[PDB]
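Take a look at the structure set out below.
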Amino acid sequence: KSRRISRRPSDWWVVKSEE
Amino acid sequence: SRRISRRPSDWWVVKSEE
Amino acid sequence: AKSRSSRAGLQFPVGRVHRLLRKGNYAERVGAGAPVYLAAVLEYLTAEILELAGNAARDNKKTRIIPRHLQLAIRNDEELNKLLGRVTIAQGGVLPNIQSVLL
Amino acid sequence: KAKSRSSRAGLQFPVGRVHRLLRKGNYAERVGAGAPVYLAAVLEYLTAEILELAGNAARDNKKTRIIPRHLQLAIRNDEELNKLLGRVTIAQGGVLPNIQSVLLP
Amino acid sequence: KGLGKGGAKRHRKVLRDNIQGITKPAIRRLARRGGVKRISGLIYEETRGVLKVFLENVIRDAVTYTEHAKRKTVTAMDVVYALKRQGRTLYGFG
Amino acid sequence: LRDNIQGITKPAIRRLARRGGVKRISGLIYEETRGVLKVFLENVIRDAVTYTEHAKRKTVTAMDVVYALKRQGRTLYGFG
Amino acid sequence: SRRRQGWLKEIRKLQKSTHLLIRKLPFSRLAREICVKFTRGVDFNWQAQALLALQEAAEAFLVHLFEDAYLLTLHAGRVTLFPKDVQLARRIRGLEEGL
Amino acid sequence: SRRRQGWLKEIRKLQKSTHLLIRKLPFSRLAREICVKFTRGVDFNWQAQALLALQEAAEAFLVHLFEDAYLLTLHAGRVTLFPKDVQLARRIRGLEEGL
Amino acid sequence: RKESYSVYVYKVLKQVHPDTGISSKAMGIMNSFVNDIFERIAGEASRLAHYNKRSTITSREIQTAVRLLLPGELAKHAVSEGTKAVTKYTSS
Amino acid sequence: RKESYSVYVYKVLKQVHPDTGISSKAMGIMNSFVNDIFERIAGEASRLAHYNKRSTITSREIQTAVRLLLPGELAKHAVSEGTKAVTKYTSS
Amino acid sequence: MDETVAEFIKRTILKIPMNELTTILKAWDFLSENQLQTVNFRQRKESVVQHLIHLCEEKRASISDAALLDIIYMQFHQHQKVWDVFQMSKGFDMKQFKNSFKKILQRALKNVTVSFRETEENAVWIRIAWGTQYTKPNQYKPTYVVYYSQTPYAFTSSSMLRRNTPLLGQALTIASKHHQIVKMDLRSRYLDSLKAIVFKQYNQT
DNA sequence: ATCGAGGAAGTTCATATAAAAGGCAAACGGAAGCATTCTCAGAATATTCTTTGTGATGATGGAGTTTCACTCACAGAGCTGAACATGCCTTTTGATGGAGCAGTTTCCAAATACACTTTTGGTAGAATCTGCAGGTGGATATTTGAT
DNA sequence: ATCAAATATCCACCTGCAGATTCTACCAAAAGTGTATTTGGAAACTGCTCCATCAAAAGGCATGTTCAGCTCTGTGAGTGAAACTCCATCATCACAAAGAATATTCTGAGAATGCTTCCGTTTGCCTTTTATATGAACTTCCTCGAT
């Protein structure tokens with residue numbers, strides 16, 4: 001089987017800028 | 001027929017029998 | 001020479017419900033008494049949200065129900081809220097809501 | 001005699017049981033031939049993706065048999081399996097060990 | 001509310017407690033899992049309110065599947081189905 | 001660094017939150033609501049151009065948005 | 001001594017395990033009373049897999065409510081909860097995830 | 001006068017009516033840009049009901065986000081909003097009501 | 001060529017209001033209200049006939065679907081006005 | 001008499017881990033997970049063939065059902081491992 | 001009228017087979033037979049019971065007299081419930097007995113087990129339900145006692161509710177003019193099998 | 001530093017509980033080959049609808065200065081809710097017979113599709129006929145705040 | 001204080017887009033009369049499975065008193081946002097031609113249904129065999145607290 005990139009929840013209630 | 005239409009509908013506060 | 005709907009006494013078409021309810025494959029066989037009983041519940045709701053809006057037409061003094069008066073007839077009822085929960089309305093507006101606490 | 005359609009597809013989840021369930025559910029009137037081989041792949045890839053993470057749940061907790069707690073630390077510590085199963089509470093489960101911010105000494 | 005009225009014999013038909021089986025440290029140990037570092041003295045009345053209005057939005061959906069197929073026994077598949085239409089899908093018993 | 005997202009103009013976000021009952025807006029919601037709006041339009045137009053590219057057309061119609069908001073969880077009663 | 005440590009031993013203990021937290025026989029006698037206020041007269045009959053099917057939904061709901069209610073205490077400079085912080089945690093929640 | 005009244009007369013004016021609050025041609029130039037970052041290279045073509053279909057949802061979702069997000073301002077004793085009050089109100093809805 | 005309920009809903013309004021008119025966009029909302037109640041109910045009554053492994057949506061398997069898709073006090077009238085439709089449909 | 005997917009899932013576990021066992025209640029969750037993804041995909045694929053005036057759930061209308069019922073990064077790897085299982089089934 | 005009587009009558013009638021459905025209702029003596037002409041019995045039983053409800057909604061519909069419908073139902077289905085034989089001693093139509101049938105548990109109700117339907121061979125039929133001091137009684141797990149005013153034998157149905165076996169003996173012995181009650185070796189399915197084991201040993205001593 | 005006491009891994013160890021190998025009946029379903037059936041891609045074509053351009057245009061937003069109301073840290077008065085220690089009543093287990101009640105099997109008729117029927121009224125859509133709403137002005141009626 | 005321009009109302013007008021009204025004709029759908037078919041009510045019975053007790057059994061909860069870490073209120077330095085005078089440029093309406101794109105009509109071929117035969121594969125079922133885990137003891141180790 002291949003691999004994807006699986007990230008730990010990567011806090012998402014805080015809005016992300018491109019930076 | 002007619003039912004009762006309840007205008008405010010304050011629903012989030014829990015309210016006991018009093 | 002008798003309409004099916006006039007056997008019930010209601011107004012919404014029994015046959016148009018009975019026509020659609022086979023064409024979607026909701027079941028492979030549709031009973032006889034069913035699309036009469038569905039033609040009542042679809043009318044009792046649409047005769048419920050109009051009478052609130054129709055009594056909302058006079059109180060704001062416009063004799064034609066414009067799509068604002070549906071929005072103030074749905075959200076000003078406890079029991080019609082829970083039915084139309086995850087549903088917005090086009091040209092809607094919100095309830096007149098400020099609290100005093102902000103004012 | 002190579003007549004098992006699963007072995008013809010190179011998959012492991014069955015094919016004919018998917019093809020039987022796509023008609024007894026009344027989802028359409030006719031069911032395509034190429035369809036339930038494509039549904040027996042996506043359910044494999046959604047089964048191999050959980051257990052590869054749940055497989056690393058038992059190894060890093062020093063046990064050898066995946067118990068229902070180990071799925072709860074496998075699904076929620078993904079990004080995308082959270083947003084897939086947003087309405088799912090796994091029984092005999094547990095929650096994530098959330099050390100809060102203002103509990104730090 | 002309080003239908004099937006209590007005073008068919010006398011007042012105070014709450015005979016032992018009938019609601020207070022959800023004990024004081026049980027609501028504590030629920031909140032201790034969530035990260036509640038300290039519980040104020042009115043939540044012991046509050047959670048008993050919310051848990052009573054969670055059962056009436058499950059069992060009304062759960063006894064209806066039971067009363068439909070003409071039985072007297074609520075099954076495990078009935079509660080799984082009732083929570084599935086509710087919005088809280090359960091993967092335990094299906 | 002010129003345009004194409006600052007068309008959601010400076011007092012327009014103000015007059016939005018007036019309807020919600022916000023007495024007085026701070027000085028970062030003018031940037032914050034432009035962040036929410038971009039992550040709202042990527043979880044609609046993904047589901048809306050999917051129905052268009054499926055049934056092989058090139059036009060996103062009115063029914064291509066009412067469906068994709070119905071599968072999202074926000075059923076709309078304007079156009080369907 | 002007086003206060004060795006009260007709670008931080010207990011929270012990291014209870015998040016580690018996966019037990020049930022409300023005892024079964026009171027949680028049955030809460031259901032059967034509420035089951036008889038609907039479908040009047042006939043008290044019904046419960047399979048023993050059904051009571052362990054609410055309790056893995058009830059004690060998974062309230063543990064998601066309290067944690068998501070606790071993020072309102074930290075937003076107001078408190079530490080302790082209040083019934084302000086549960087009444088507000090249901091109204092923001094939006095009428096389909098706990099009423 | 002120094003200030004007659006600004007905020008109170010403007011708010012009860014806006015809840016009284018049923019406008020749209022974002023001008024259309026910027027809202028078209030926002031939508032077509034996001035559409036071309038998907039479906040690589042090739043553009044598309046929009047009917048003039050679909051751009052009045054998002055604007056009866058986007059200005060129906062942002063207005064329902066702000067009224068919900070404003071109740072976290074009153075819970076902290078403030079009056080003004082902050083991005084502490086929007087980044088908390090996208091959380092408690094829980095992953096299916098604004099992400 | 002797509003059919004609506006616009007002649008029908010307009011007849012319902014006259015039974016409870018002798019003089020109230022309806023705008024031509026408000027009839028559009030009264031389409032997608034009544035199909036959304038329709039596509040729920042038949043799309044949820046199919047699940048019971050698939051559960052108990054029968055194959056006839058009868059006049060009974062709408063009733064337990066009506067008692068799910070409605071809240072508390074709206075339930076008791078809509079089923080009681082519903083059964084008033086079937087009883088004078090059989091005894092004709 | 002009621003059939004599960006349990007023997008098939010147990011082969012997937014041995015393909016990716018040579019020694020990892022699975023408890024019985026853990027096999028119960030792996031059933032009512034994989035019917036929930038199945039009932040979503042084959043339920044939402046029904047709505048497209050009912051929309052676009054067709055009658056056949058084809059091999060294409062699962063593919064636009066995969067790209068909706070899954071989030072972002074898990075989509076593009078599922079569909080690219082999807083169509084590979086169709087091409088070798090065609091030119092067998 | 002009450003509201004639980006609608007659910008009770010609707011579930012009582014559906015236990016009866018379609019054969020003797022007209023035998024019960026003519027013998028139950030509650031509704032007018034001209035309404036039985038209106039009730040067309042030759043159709044689906046779903047629509048049969050609702051018209052029977054609707055023709056009981058226009059009357060008093062008391063829980064006391066609706067309980068009597070279950071009592072006649074048990075007289076014609078005596079091959080299902082398991083029976084028991086008691087007997088009293090230490091002391092006729094038992095007229096002074098019927099004066100105070102209900103001398104037990106005064107704080108719960110005025111009458112929990114009220115039943116007025118007498119039967120020949122001096123047979124009394126009393127439907128015994130049960131409840132507690134702050135709970136409503138349970139109308140679906142009854143207990144049936146057939147006692148004779150000449151033989152001190154009492155024919156008692158098996159109690160699905162436990163814990164209340166000797167107090168049923170106390171509520172029947174103290175209310176009668178007796179002092180003793182026993183528990184013999186007679187627990188069978190039938191009543192004709194309770195003829196040749198009770199009426200043979202007692203009536204031919 | 002000095003050293004007592006838990007606290008915590010870390011190890012061993014029997015031990016049921018739960019699970020894996022095995023087996024095979026075998027009831028059931030996937031499969032091959034075949035016969036026949038149609039839905040749907042491919043191509044030609046009228047034609048709805050929408051992009052790209054212009055010029056008026058002015059309501060409306062971007063920049064700036066400001067003044068006051070508002071957010072934030074500190075400190076002290078008051079009160080409230082965790083630790084604690086200890087009887088005891090209450091939840092567990094288990095084992096219990098009984099059994100109400102779920103599940104199965106077997107009949108058959110009263111309700112359901114097929115289908116062509118004739119009807120037909122009924123809805124959708126197309127020009128004509130009204131009138132209700134929004135805006136302007138009639139600006140008079142009325143409470144706002146400065147001399 | 002009254003003067004004062006706003007804030008608000010009503011009264012009358014006045015298009016002008018917008019519903020409303022016939023009447024269409026007829027297409028499409030529905031309503032009716034039988035033909036022939038069948039799911040599912042309805043009755044009876046096996047036997048799985050759960051209420052209702054008794055009872056060690058202790059594990060866990062109820063009550064009361066304390067106390068230090070909270071919650072609440074006030075102040076004041078410091079500030080970040082509404083308010084307001086201007087002014088341009090960017091959103092809008094109208095149009096019109098240009099057309100890429102949509103929708104309808106029409107044909108046939110590779111694809112799905114359908115019955116049948118014959119195997120393989122998937123079940124429940126023990127069944128034996130096998131193992132991991134967990135709870136216990138267990139000691140040695142070893143952090144942490146009182147002299």
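By order of appearance in the structure tokens: chains A, B, ..., then residues from 1 within every chain, and ligands from 1 in the order shown.
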
Please identify every residue of chain D that has at least one atom no farther than 10 Å from an atom of chain G, counting only C-alpha atoms, and for each give the shortest atom pair and the distance in Å to one decimal, arranged by chain then increasing number, as a Markdown table.
| residue | atom | partner | partner_atom | distance |
| --- | --- | --- | --- | --- |
| D:68 | CA | G:18 | CA | 9.6 |
| D:69 | CA | G:18 | CA | 7.4 |
| D:87 | CA | G:97 | CA | 10.0 |
| D:88 | CA | G:57 | CA | 9.9 |
| D:89 | CA | G:60 | CA | 6.7 |
| D:90 | CA | G:56 | CA | 7.9 |
| D:91 | CA | G:56 | CA | 5.3 |
| D:92 | CA | G:18 | CA | 6.2 |
| D:93 | CA | G:18 | CA | 6.0 |
| D:94 | CA | G:18 | CA | 5.2 |
| D:95 | CA | G:15 | CA | 6.5 |
| D:96 | CA | G:15 | CA | 7.3 |
| D:97 | CA | G:15 | CA | 6.0 |
| D:98 | CA | G:15 | CA | 8.5 |
| D:99 | CA | G:12 | CA | 8.8 |
| D:100 | CA | G:71 | CA | 9.8 |
| D:101 | CA | G:74 | CA | 9.3 |
| D:102 | CA | G:74 | CA | 8.1 |
| D:103 | CA | G:8 | CA | 9.1 |

Got time to write the residues from that selection, N, CA, C and O atoms, as a PDB file, in the first residue's frame?
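Just written: part.pdb:
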ATOM      1  N   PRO D  68     -11.507  -1.720  20.884  1.00  0.00           N
ATOM      2  CA  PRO D  68     -12.222  -0.549  20.339  1.00  0.00           C
ATOM      3  C   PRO D  68     -11.720   0.803  20.802  1.00  0.00           C
ATOM      4  O   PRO D  68     -12.073   1.807  20.177  1.00  0.00           O
ATOM      5  N   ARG D  69     -10.929   0.872  21.871  1.00  0.00           N
ATOM      6  CA  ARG D  69     -10.253   2.121  22.187  1.00  0.00           C
ATOM      7  C   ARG D  69      -9.270   2.510  21.092  1.00  0.00           C
ATOM      8  O   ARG D  69      -9.185   3.688  20.734  1.00  0.00           O
ATOM      9  N   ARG D  87     -20.253  12.695  12.710  1.00  0.00           N
ATOM     10  CA  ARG D  87     -21.456  12.390  13.460  1.00  0.00           C
ATOM     11  C   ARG D  87     -21.377  11.051  14.175  1.00  0.00           C
ATOM     12  O   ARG D  87     -22.419  10.457  14.463  1.00  0.00           O
ATOM     13  N   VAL D  88     -20.184  10.548  14.452  1.00  0.00           N
ATOM     14  CA  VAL D  88     -20.013   9.170  14.886  1.00  0.00           C
ATOM     15  C   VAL D  88     -19.386   9.146  16.267  1.00  0.00           C
ATOM     16  O   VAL D  88     -18.266   9.627  16.457  1.00  0.00           O
ATOM     17  N   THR D  89     -20.094   8.569  17.227  1.00  0.00           N
ATOM     18  CA  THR D  89     -19.541   8.326  18.547  1.00  0.00           C
ATOM     19  C   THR D  89     -19.341   6.834  18.739  1.00  0.00           C
ATOM     20  O   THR D  89     -20.301   6.073  18.799  1.00  0.00           O
ATOM     21  N   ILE D  90     -18.089   6.418  18.864  1.00  0.00           N
ATOM     22  CA  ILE D  90     -17.745   5.006  18.870  1.00  0.00           C
ATOM     23  C   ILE D  90     -17.964   4.456  20.267  1.00  0.00           C
ATOM     24  O   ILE D  90     -17.414   4.984  21.237  1.00  0.00           O
ATOM     25  N   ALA D  91     -18.763   3.397  20.363  1.00  0.00           N
ATOM     26  CA  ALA D  91     -19.081   2.797  21.650  1.00  0.00           C
ATOM     27  C   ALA D  91     -17.870   2.084  22.225  1.00  0.00           C
ATOM     28  O   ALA D  91     -16.985   1.651  21.481  1.00  0.00           O
ATOM     29  N   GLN D  92     -17.862   1.948  23.559  1.00  0.00           N
ATOM     30  CA  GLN D  92     -16.709   1.498  24.347  1.00  0.00           C
ATOM     31  C   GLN D  92     -15.463   2.301  23.988  1.00  0.00           C
ATOM     32  O   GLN D  92     -14.372   1.759  23.821  1.00  0.00           O
ATOM     33  N   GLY D  93     -15.636   3.609  23.858  1.00  0.00           N
ATOM     34  CA  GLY D  93     -14.650   4.429  23.193  1.00  0.00           C
ATOM     35  C   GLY D  93     -13.700   5.144  24.119  1.00  0.00           C
ATOM     36  O   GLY D  93     -12.763   4.548  24.646  1.00  0.00           O
ATOM     37  N   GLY D  94     -13.927   6.422  24.306  1.00  0.00           N
ATOM     38  CA  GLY D  94     -13.050   7.272  25.070  1.00  0.00           C
ATOM     39  C   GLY D  94     -12.883   8.574  24.339  1.00  0.00           C
ATOM     40  O   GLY D  94     -13.416   8.764  23.250  1.00  0.00           O
ATOM     41  N   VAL D  95     -12.151   9.499  24.948  1.00  0.00           N
ATOM     42  CA  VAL D  95     -11.874  10.779  24.320  1.00  0.00           C
ATOM     43  C   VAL D  95     -10.370  10.947  24.203  1.00  0.00           C
ATOM     44  O   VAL D  95      -9.586  10.135  24.688  1.00  0.00           O
ATOM     45  N   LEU D  96      -9.981  12.022  23.546  1.00  0.00           N
ATOM     46  CA  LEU D  96      -8.579  12.301  23.322  1.00  0.00           C
ATOM     47  C   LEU D  96      -7.963  12.847  24.601  1.00  0.00           C
ATOM     48  O   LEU D  96      -8.616  13.622  25.304  1.00  0.00           O
ATOM     49  N   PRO D  97      -6.735  12.480  24.937  1.00  0.00           N
ATOM     50  CA  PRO D  97      -6.118  13.015  26.158  1.00  0.00           C
ATOM     51  C   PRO D  97      -5.733  14.480  26.014  1.00  0.00           C
ATOM     52  O   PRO D  97      -4.576  14.811  25.735  1.00  0.00           O
ATOM     53  N   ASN D  98      -6.709  15.365  26.203  1.00  0.00           N
ATOM     54  CA  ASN D  98      -6.550  16.790  25.948  1.00  0.00           C
ATOM     55  C   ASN D  98      -6.005  17.509  27.173  1.00  0.00           C
ATOM     56  O   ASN D  98      -6.756  17.830  28.099  1.00  0.00           O
ATOM     57  N   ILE D  99      -4.699  17.765  27.168  1.00  0.00           N
ATOM     58  CA  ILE D  99      -4.108  18.670  28.142  1.00  0.00           C
ATOM     59  C   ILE D  99      -4.462  20.098  27.751  1.00  0.00           C
ATOM     60  O   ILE D  99      -4.059  20.584  26.687  1.00  0.00           O
ATOM     61  N   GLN D 100      -5.230  20.775  28.602  1.00  0.00           N
ATOM     62  CA  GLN D 100      -5.664  22.136  28.308  1.00  0.00           C
ATOM     63  C   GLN D 100      -4.521  23.131  28.464  1.00  0.00           C
ATOM     64  O   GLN D 100      -3.430  22.787  28.928  1.00  0.00           O
ATOM     65  N   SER D 101      -4.779  24.380  28.071  1.00  0.00           N
ATOM     66  CA  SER D 101      -3.729  25.391  28.113  1.00  0.00           C
ATOM     67  C   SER D 101      -3.489  25.907  29.525  1.00  0.00           C
ATOM     68  O   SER D 101      -2.354  25.864  30.011  1.00  0.00           O
ATOM     69  N   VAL D 102      -4.534  26.380  30.205  1.00  0.00           N
ATOM     70  CA  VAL D 102      -4.385  26.991  31.522  1.00  0.00           C
ATOM     71  C   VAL D 102      -4.342  25.979  32.661  1.00  0.00           C
ATOM     72  O   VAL D 102      -4.589  26.356  33.810  1.00  0.00           O
ATOM     73  N   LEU D 103      -4.057  24.711  32.374  1.00  0.00           N
ATOM     74  CA  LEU D 103      -3.737  23.723  33.390  1.00  0.00           C
ATOM     75  C   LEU D 103      -2.240  23.478  33.508  1.00  0.00           C
ATOM     76  O   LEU D 103      -1.824  22.585  34.251  1.00  0.00           O
TER      77      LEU D 103
END

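The least-squares superposition of chain J onto chain I, using every Cα atom in order, ends with an RMSD of 0.3 Å.
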
Give me, as CSV, each residue of chain L that comes within 10 Å of chain J, together with its shortest interatomic pair and the distance in Å at one decimal, counting only C-alpha atoms (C1' of nucleotides), with rows ordered by chain and rising residue number.
residue,atom,partner,partner_atom,distance
L:18,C1',J:23,CA,8.1
L:19,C1',J:23,CA,7.4
L:20,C1',J:21,CA,9.4
L:27,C1',J:1,CA,9.5
L:39,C1',J:55,CA,7.8
L:40,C1',J:54,CA,8.5

May I ask which of the residues E:38, E:29, E:9, E:15 is the closest one to chain M, counting only C-alpha atoms (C1' of nucleotides)? E:38

Write down, as a JSON list (two decimals) with N, CA and C atoms (P, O5', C5', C4', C3', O3' and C1' of nucleotides), in the first residue's frame, each residue of chain M that has any atom within 12 Å of an atom of chain C, counting only C-alpha atoms (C1' of nucleotides).
[["chain", "number", "residue", "atom", "x", "y", "z"],
["M", 18, "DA", "P", -41.80, 43.50, -11.90],
["M", 18, "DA", "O5'", -43.09, 42.98, -11.13],
["M", 18, "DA", "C5'", -43.65, 43.78, -10.10],
["M", 18, "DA", "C4'", -45.07, 43.35, -9.83],
["M", 18, "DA", "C3'", -45.34, 41.86, -10.06],
["M", 18, "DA", "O3'", -45.96, 41.32, -8.93],
["M", 18, "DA", "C1'", -46.98, 43.17, -11.14],
["M", 19, "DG", "P", -45.48, 39.90, -8.37],
["M", 19, "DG", "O5'", -46.83, 39.09, -8.18],
["M", 19, "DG", "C5'", -47.81, 39.14, -9.18],
["M", 19, "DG", "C4'", -49.17, 39.44, -8.59],
["M", 19, "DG", "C3'", -50.13, 38.28, -8.61],
["M", 19, "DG", "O3'", -51.22, 38.53, -7.75],
["M", 19, "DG", "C1'", -50.71, 39.81, -10.30],
["M", 29, "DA", "P", -47.70, 13.79, -18.35],
["M", 29, "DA", "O5'", -48.86, 13.52, -17.30],
["M", 29, "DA", "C5'", -49.56, 14.61, -16.75],
["M", 29, "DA", "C4'", -50.93, 14.19, -16.29],
["M", 29, "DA", "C3'", -50.97, 12.93, -15.44],
["M", 29, "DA", "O3'", -51.24, 13.26, -14.11],
["M", 29, "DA", "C1'", -52.79, 13.09, -16.97],
["M", 30, "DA", "P", -51.37, 12.11, -13.00],
["M", 30, "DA", "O5'", -52.95, 11.89, -12.89],
["M", 30, "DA", "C5'", -53.80, 13.01, -12.85],
["M", 30, "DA", "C4'", -55.21, 12.60, -13.20],
["M", 30, "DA", "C3'", -55.83, 11.57, -12.26],
["M", 30, "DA", "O3'", -57.06, 12.03, -11.77],
["M", 30, "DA", "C1'", -56.15, 10.96, -14.51],
["M", 31, "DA", "P", -57.77, 11.24, -10.57],
["M", 31, "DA", "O5'", -58.89, 10.37, -11.30],
["M", 31, "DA", "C5'", -60.01, 11.02, -11.87],
["M", 31, "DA", "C4'", -60.93, 10.02, -12.53],
["M", 31, "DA", "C3'", -61.36, 8.85, -11.64],
["M", 31, "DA", "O3'", -62.77, 8.69, -11.71],
["M", 31, "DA", "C1'", -60.52, 8.06, -13.69],
["M", 32, "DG", "P", -63.48, 7.52, -10.88],
["M", 32, "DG", "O5'", -63.68, 6.36, -11.97],
["M", 32, "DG", "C5'", -64.30, 6.66, -13.21],
["M", 32, "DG", "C4'", -64.38, 5.43, -14.09],
["M", 32, "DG", "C3'", -64.89, 4.16, -13.40],
["M", 32, "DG", "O3'", -66.01, 3.66, -14.10],
["M", 32, "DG", "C1'", -62.94, 3.72, -14.68],
["M", 38, "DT", "P", -47.77, -12.79, -9.43],
["M", 38, "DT", "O5'", -47.90, -12.50, -7.87],
["M", 38, "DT", "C5'", -47.63, -11.21, -7.38],
["M", 38, "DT", "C4'", -48.19, -11.02, -5.99],
["M", 38, "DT", "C3'", -47.63, -11.97, -4.92],
["M", 38, "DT", "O3'", -47.01, -11.22, -3.90],
["M", 38, "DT", "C1'", -49.96, -11.71, -4.73],
["M", 39, "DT", "P", -45.41, -11.23, -3.74],
["M", 39, "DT", "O5'", -45.15, -10.22, -2.54],
["M", 39, "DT", "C5'", -45.42, -8.85, -2.71],
["M", 39, "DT", "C4'", -46.49, -8.39, -1.75],
["M", 39, "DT", "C3'", -46.06, -8.33, -0.28],
["M", 39, "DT", "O3'", -46.31, -7.05, 0.24],
["M", 39, "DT", "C1'", -48.12, -9.48, -0.51]]

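Within 12 Å of chain C, counting only C-alpha atoms, chain J contributes residues 46, 47, 49, 50, 51, 53, 54 and 55 of chain J.
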
Saved selection, atoms kept: N, CA and C atoms, as an mmCIF file, in the first residue's frame:
data_model
loop_
_atom_site.group_PDB
_atom_site.id
_atom_site.type_symbol
_atom_site.label_atom_id
_atom_site.label_comp_id
_atom_site.auth_asym_id
_atom_site.auth_seq_id
_atom_site.Cartn_x
_atom_site.Cartn_y
_atom_site.Cartn_z
ATOM 1 N N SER J 46 -27.689 7.382 -5.870
ATOM 2 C CA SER J 46 -29.045 7.249 -6.376
ATOM 3 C C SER J 46 -29.645 8.596 -6.717
ATOM 4 N N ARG J 47 -29.242 9.643 -6.005
ATOM 5 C CA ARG J 47 -29.848 10.947 -6.220
ATOM 6 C C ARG J 47 -29.352 11.586 -7.511
ATOM 7 N N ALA J 49 -28.588 9.843 -10.457
ATOM 8 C CA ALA J 49 -29.312 9.219 -11.559
ATOM 9 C C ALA J 49 -30.792 9.554 -11.516
ATOM 10 N N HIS J 50 -31.290 9.978 -10.360
ATOM 11 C CA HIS J 50 -32.642 10.503 -10.299
ATOM 12 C C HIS J 50 -32.684 11.971 -10.702
ATOM 13 N N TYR J 51 -31.573 12.694 -10.540
ATOM 14 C CA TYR J 51 -31.516 14.074 -11.015
ATOM 15 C C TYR J 51 -31.351 14.134 -12.524
ATOM 16 N N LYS J 53 -31.897 12.454 -15.099
ATOM 17 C CA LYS J 53 -32.876 11.891 -16.029
ATOM 18 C C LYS J 53 -32.309 10.640 -16.705
ATOM 19 N N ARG J 54 -31.813 9.743 -15.864
ATOM 20 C CA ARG J 54 -31.216 8.490 -16.288
ATOM 21 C C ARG J 54 -31.919 7.362 -15.556
ATOM 22 N N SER J 55 -31.390 6.155 -15.701
ATOM 23 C CA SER J 55 -31.926 5.032 -14.955
ATOM 24 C C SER J 55 -30.878 4.050 -14.452
#

Report the residues of chain H whose backbone DSSP state falls under alpha helix (DSSP H), written as a ChimeraX atom specification. /H:7-14,24-37,51-54,58-70,83-86

Residues of chain K within 10 Å of chain M, counting only C-alpha atoms (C1' of nucleotides), what are they? List them as a PyMOL selection string. chain K and resi 17-18+44-45+160-163

Same residues, N, CA and C atoms, output as a CSV table (one decimal), in the first residue's frame:
chain,number,residue,atom,x,y,z
K,17,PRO,N,-59.4,-13.3,18.7
K,17,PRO,CA,-59.4,-13.8,17.3
K,17,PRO,C,-60.7,-13.3,16.6
K,18,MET,N,-60.7,-13.3,15.3
K,18,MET,CA,-61.9,-12.9,14.5
K,18,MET,C,-63.1,-13.8,14.6
K,44,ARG,N,-60.8,-4.8,7.0
K,44,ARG,CA,-59.5,-4.9,7.7
K,44,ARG,C,-59.5,-4.5,9.1
K,45,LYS,N,-58.9,-5.3,10.0
K,45,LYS,CA,-59.0,-5.1,11.5
K,45,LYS,C,-58.4,-3.8,11.9
K,160,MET,N,-47.4,-13.1,37.5
K,160,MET,CA,-46.2,-12.7,36.9
K,160,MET,C,-45.4,-11.7,37.7
K,161,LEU,N,-46.1,-10.9,38.5
K,161,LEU,CA,-45.5,-10.1,39.5
K,161,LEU,C,-45.2,-10.9,40.7
K,162,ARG,N,-44.0,-11.0,41.2
K,162,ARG,CA,-43.6,-11.8,42.4
K,162,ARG,C,-44.0,-11.0,43.6
K,163,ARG,N,-43.5,-11.5,44.8
K,163,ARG,CA,-43.4,-10.8,46.1
K,163,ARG,C,-44.8,-10.6,46.7

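Near residue 24 (chain L), within a cut-off of 12 Å and counting only C-alpha atoms (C1' of nucleotides), sit the residues residues 122, 123, 124, 125 and 126 of chain M, with same-chain residues fewer than 3 positions away left out.
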
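Each of K:35, K:54, K:138, K:124 was checked against chain G using only C-alpha atoms; the smallest atom-to-atom distance is that of K:138.
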
Could you pull the residues within 12 Å of residue 14 (chain B), counting only C-alpha atoms (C1' of nucleotides), minus those fewer than 4 positions along the same chain, as number ranges by chain? B: 10, 18; E: 43, 45-54; G: 83-84, 86-88, 90-91, 98-99

At most 6 Å is the cut-off: for each residue in chain K with any atom that close to an atom of chain E, write down the nearest atom pair and the distance in Å rounded to one decimal, counting only C-alpha atoms, chain first then increasing number, as CSV.
residue,atom,partner,partner_atom,distance
K:108,CA,E:9,CA,4.9
K:109,CA,E:9,CA,5.8
K:134,CA,E:13,CA,4.7

The selected residues should be written to file as a CSV table (one decimal), in the first residue's frame (atoms: C-alpha atoms).
chain,number,residue,atom,x,y,z
K,108,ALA,CA,-53.0,3.8,47.1
K,109,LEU,CA,-56.5,4.0,45.6
K,134,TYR,CA,-47.0,6.4,45.0
